[PDB]
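Heads up, the chain below is alone and in the form deposited in one PDB entry; it's given as structure tokens.
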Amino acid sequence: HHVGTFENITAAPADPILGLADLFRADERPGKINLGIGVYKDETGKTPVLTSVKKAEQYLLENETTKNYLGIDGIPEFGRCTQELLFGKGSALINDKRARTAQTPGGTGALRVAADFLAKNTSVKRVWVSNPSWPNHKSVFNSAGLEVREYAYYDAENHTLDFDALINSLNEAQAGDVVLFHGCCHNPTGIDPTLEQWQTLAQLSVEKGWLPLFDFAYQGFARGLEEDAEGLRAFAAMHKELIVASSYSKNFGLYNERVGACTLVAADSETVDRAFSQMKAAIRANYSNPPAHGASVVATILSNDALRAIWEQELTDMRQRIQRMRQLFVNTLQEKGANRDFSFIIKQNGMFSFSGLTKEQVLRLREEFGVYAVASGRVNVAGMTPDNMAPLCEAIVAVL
């Protein structure tokens, strides 16, 4: 007799997000509101395919003549467009050929590729991430055998970035450790360093010898494409080495096509080309080469003046809708009688903020009013609309 290889495996814990989504689906109330979603929604509550994307997909259907494998690093034009978005069209990094980009299956894939590359080719042992954390970071880095440590970030009592605690906590990060920064729209707080704080962090990193890793999944959702990259660029002006994991899931509405990139920056072209050869090996041992459809949509849009303009307007529309919902939420809470300051909501960037509500209050909102947020009190402001704002805010006031 041979015991089965799977016979004694312990089940993984159930996905609590999936559970909450099922509870929301079962709720019979016509007034139910779901602020626990993780993606953008428009004014009608849909997560539509962008029009620029539909147009790009029509062009591909018309023009594609093969599905032969891409190179390991993906579509060359997609790589160039990515570097321009990250560093700016006239960048010294680009001119000096200091950066190399691999197209990856989403920003999550980019993070895994970065982790595997670091674990097998460098002495990196630790990655520092902010508190509160984006849970997937830990799973990805740990899978490669890298430890993850948290640095202080969010001050929940005061709804702010406690910069002094941040700097303090980071003194414990050693030379050669990785420190991870969200480029913009910090997830889940929506609190980003000011440009002056970015510059301060950039100097501290050079000083302490950290390897910065930027997670860039919301470019364009804070203020604009170029503006949202200033923090990254402040680091790039100062650093010999960077890694950037970027995603087009959010800003192109391309979630399920898995469109992202991993970008290495080194002191010079000779060094980055050498490093990148090992990043390619890490990709080859994983999924071989990346999925074409989504990245080709992105390259198609970015390289065509007319399409690019359509897409830039769609992204501006999404950004402006989120800002409109942030303002309206604050104003409506005041109007409905919250008699309490929620103004921090206006100073936060992107889809997510902590509401400041307690676990108890969040539970009451669900049970008593059919308003769904995650237990942490994080809300997705894109789940708000002119249509549902009033009842949402009445319910919130009722539990304060």
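The term rigid core refers to the maximal set of C-alpha atoms that superpose within 1.5 Å between the two forms. All residue numbers are counted from 1 along the displayed sequence.
Quick note: we don't show the form deposited in another entry, though the next part is all about it.
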{"property": "Did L392 shift 2 Å or more between the shown form and the other one, C-alpha, core superposed", "result": "yes"}
{"property": "Rigid core superposed: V49 CA moves 2 Å or more between the shown form and the other one", "result": "no"}
{"property": "C-alpha of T358 off by 2 Å or more between the shown form and the other one on rigid core", "result": "yes"}
